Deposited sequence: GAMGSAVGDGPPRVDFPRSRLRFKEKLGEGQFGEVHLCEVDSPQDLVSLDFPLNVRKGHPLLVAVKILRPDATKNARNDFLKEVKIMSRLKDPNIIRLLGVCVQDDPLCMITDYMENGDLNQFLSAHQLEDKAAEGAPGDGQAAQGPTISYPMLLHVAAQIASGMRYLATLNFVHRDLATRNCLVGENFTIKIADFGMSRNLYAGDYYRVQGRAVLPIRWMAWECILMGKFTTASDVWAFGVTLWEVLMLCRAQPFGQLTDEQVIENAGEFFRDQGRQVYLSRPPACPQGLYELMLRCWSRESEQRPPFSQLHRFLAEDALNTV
């Protein structure tokens, strides 16, 4: 529950808490195991226990799945699926769009449809992710995608978060205008972050959203959405993205939260309409 002795620690996969590739004899069975740092504070331990609880809610092919736990003894462990290809941002970065390692346009749509399906599931639970982005997705065998949430602290993605002393850490470049101005999050702001995530996929993660603008400019842009005088600025159409699919992204960035398409409609478009 889970038998900790059945675990065989093999390699470190990354870094609050280390993640390790482990083997389970059942024989070539691989899992990911997250362990609390030896010097974790009482606050870190509490957060870890809550992550376990939140994660235990989530049961979908395109969401990270809690396979097991070791909490009745120290140190605390969380066990998930091992996703061979690591995070989606690093994965796409190592690929180029097929001409005429490579990835094809239809494969990009399949990646995006899987994210939409995972988010469709979350919406059914009335669960708001709050930090959807390619950096929070993992890639397994055969371009299979699982949405996760690594938190906001990793050095690699430091530049994706706006930090003011004593305030919540904010992924402003993925955030709906109402999130920036009022600091609250909904399924409708998850849709907006999905539009930005889809922009990243079609960019093959080559540039930060609004990359040529400062943090302060991105925040003032939310103000311009609010005022609605036609001065707001949008992510440009990626090279690999045709106009029809771009117009979908634009609906995700509608000023009015109710005008943003539900994830059920987004999934339909990506899995069906976008095929023609």
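J.: Numbered from 1 along the deposited sequence, what ranges are absent from the coordinates?
T.: Several stretches lack coordinates - namely 1-14, 30-31, 43-58, 133-146, 323-324, in sequence order.
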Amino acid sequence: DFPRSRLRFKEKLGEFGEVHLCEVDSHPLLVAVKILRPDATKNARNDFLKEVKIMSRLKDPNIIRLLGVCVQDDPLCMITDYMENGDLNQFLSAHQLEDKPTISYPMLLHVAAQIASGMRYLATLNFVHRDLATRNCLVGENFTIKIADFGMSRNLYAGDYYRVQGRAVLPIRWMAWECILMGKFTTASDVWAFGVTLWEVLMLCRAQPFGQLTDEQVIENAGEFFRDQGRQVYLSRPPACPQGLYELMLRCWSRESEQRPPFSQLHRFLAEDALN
From here on, numbers count along this sequence of modelled residues.
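Here, rigid core means the biggest group of C-alpha atoms that superpose within 1.5 Å across both forms.
J.: So which moves more in 9 other deposited structures of this protein by CA, 57-65 or 44-52, given a superposition on the core?
T.: So, of the two stretches, the farther one in 9 other deposited structures of this protein is 44-52.
J.: After fitting on the rigid core, which stretch moves more in 9 other deposited structures of this protein, 32-40 or 224-232, going by C-alpha RMS?
T.: The stretch that sits farther from the shown form in 9 other deposited structures of this protein is 32-40.
J.: Could you settle it for me: does 91-99 or 111-119 have the higher average Cα B factor in the PDB entry?
T.: According to the PDB entry, the answer is 91-99.
J.: Averaged over C-alpha atoms, is the B-factor higher for 186-194 or for 157-165 in this PDB entry?
T.: On average, C-alpha B-factors are higher across 157-165.
J.: Highest recorded C-alpha temperature factor, please, choosing from 149, 178, 74, 200.
T.: That would be 74, according to the entry.
J.: In terms of CA temperature factor as recorded, identify the highest of 233, 70, 245, 63.
T.: Answer, based on the entry's C-alpha B-factors: 70.
J.: Considering every modelled residue of the chain and its Cα B-factor in the PDB entry, is residue 51 in the lowest, middle or highest third?
T.: Lowest third of the chain for residue 51's C-alpha B-factor.
J.: Test of reading the entry: by CA B factor among the chain's modelled residues, which third contains residue 126?
T.: Its C-alpha B-factor belongs to the middle third of this chain's values.
J.: If you rank the chain by CA B-factor, which third does residue 222 end up in: lowest, middle or highest?
T.: CA B-factor rank for residue 222: lowest third.
J.: Within this chain's modelled residues, let me know which third the CA B factor of residue 209 belongs to: lowest, middle or highest.
T.: Within its chain, residue 209 is a lowest-third residue by C-alpha B-factor, going by the deposited values.
J.: Considering every modelled residue of the chain and its Cα B-factor in the PDB entry, is residue 250 in the lowest, middle or highest third?
T.: For residue 250, whose C-alpha B-factor we compare with every modelled residue in the chain, the answer is the lowest third.
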